[PDB]
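First up is the structure itself, then whatever we jot down about it.
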Amino acid sequence: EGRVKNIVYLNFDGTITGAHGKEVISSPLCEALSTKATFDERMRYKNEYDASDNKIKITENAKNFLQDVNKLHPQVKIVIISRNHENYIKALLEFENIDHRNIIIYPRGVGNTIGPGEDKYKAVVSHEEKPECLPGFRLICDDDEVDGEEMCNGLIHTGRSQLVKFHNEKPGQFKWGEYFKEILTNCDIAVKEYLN
Ligand SMILES: [Mg+2]
């Protein structure tokens, strides 16, 4: 039930933030936030986040991109695929006042249970196989070229790669403004609703 024709698949660490996941996944702040399952528990960490090295934060341009693309919902959907913890991802979005109500997060699992973001290829294949997903525009951003190809390979495996834009850049080097132009240039109904 529903139609999703245009999907933006985003890695989190090093893509939306300025730090590759290897240098954050085991950090005290990421471990502390991992178990914080409510807004109230997460928000207590905002001060420590704000005092953190700027590399770990959501970058200014990624924040603006997420906020802009959120306004294109439901014509465009955002899917975050990450080996990091769901509650760390939600916390950072909340710290930056980014609404995540409609963003789908495929994160690491809890404990010994494996989560969907631990296998990016399978995460994309599973998402494309949902009955509401239809062919159309695909944007994929990852700072790990291998990971990025894993998500690309998932689109290929499902026959959903006819109109893909794939961006692999070093953290802090993503051209989110250009990617927003790419969405609007390739999603007719998106740009029709955007013009009010
Ligand atoms: Mg990454």
Side-chain angles (χ1 to χ4, degrees), residues 7-21 23-36 42 45 48-49 52-70 76-96 98 100 103-110 113-128 138-157 161 164-169 171-174 176-180 182-183:
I7 302 173
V8 173
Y9 287 114
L10 309 176
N11 181 245
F12 186 76
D13 296 302
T15 302
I16 288 159
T17 73
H20 186 285
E23 51 200 78
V24 147
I25 185 67
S26 293
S27 61
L29 173 63
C30 184
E31 168 79 15
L33 277 161
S34 65
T35 54
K36 299 311 180 274
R42 291 185 295 263
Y45 285 81
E48 176 177 353
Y49 173 81
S52 291
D53 190 311
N54 288 318
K55 80 178 182 178
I56 75 147
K57 304 176 178 188
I58 298 189
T59 72
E60 203 73 55
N61 294 332
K63 170 186 198 299
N64 289 340
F65 177 85
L66 293 162
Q67 290 185 148
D68 287 339
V69 175
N70 271 341
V76 181
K77 288 264 183 183
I78 305 178
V79 179
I80 293 177
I81 304 184
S82 174
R83 312 189 179 87
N84 209 324
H85 302 282
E86 188 174 347
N87 287 329
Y88 182 75
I89 296 170
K90 291 182 173 176
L92 267 58
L93 296 169
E94 288 157 1
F95 297 155
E96 303 281 347
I98 298 161
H100 62 79
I103 297 173
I104 297 190
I105 298 170
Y106 292 123
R108 90 170 292 271
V110 183
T113 285
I114 288 170
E118 300 187 56
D119 186 336
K120 309 299 181 63
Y121 173 81
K122 183 165 297 174
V124 168
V125 169
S126 293
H127 195 74
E128 293 296 331
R138 295 298 182 275
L139 172 60
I140 299 174
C141 297
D142 206 317
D143 62 306
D144 192 324
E145 188 187 5
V146 172
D147 272 51
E149 293 178 343
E150 285 301 77
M151 292 189 284
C152 293
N153 287 6
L155 293 181
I156 308 185
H157 174 77
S161 65
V164 185
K165 288 280 182 160
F166 172 44
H167 302 288
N168 174 230
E169 302 283 354
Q173 302 285 324
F174 290 84
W176 298 106
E178 284 180 45
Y179 311 159
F180 194 74
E182 295 183 340
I183 294 168

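We're numbering straight along the sequence, starting at 1. Numbering of ligands and ligand atoms starts at 1, following listing order. When reading the values below, keep in mind they use all heavy atoms of this one structure, side chains included, and skip hydrogens, waters and symmetry mates.
Listed by chain and residue number, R108, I114 satisfy the side-chain contact (heavy atoms from CB on, under 4.5 Å) test with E118 (two or more places apart in sequence, or in another chain). Residues that satisfy the side chain to side chain donor-acceptor pair (under 3.5 Å) test with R42, not counting sequence neighbours, are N87, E94.
The nearest N, O or S atom of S82 is not closer to the Mg ion (ligand 1) than 2.8 Å.
For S52 (side chain) and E48 (main-chain N/O), a donor-acceptor pair under 3.5 Å exists by modelled atom type. Of the possible donor and acceptor atoms, one in the side chain of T17 sits under 3.5 Å from a partner among the backbone N and O of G14.
For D143, the N, O or S atom with the smallest separation from the Mg ion (ligand 1) is OD1. Among heteroatoms of the N, O or S kind in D13, O lies nearest the Mg ion (ligand 1).
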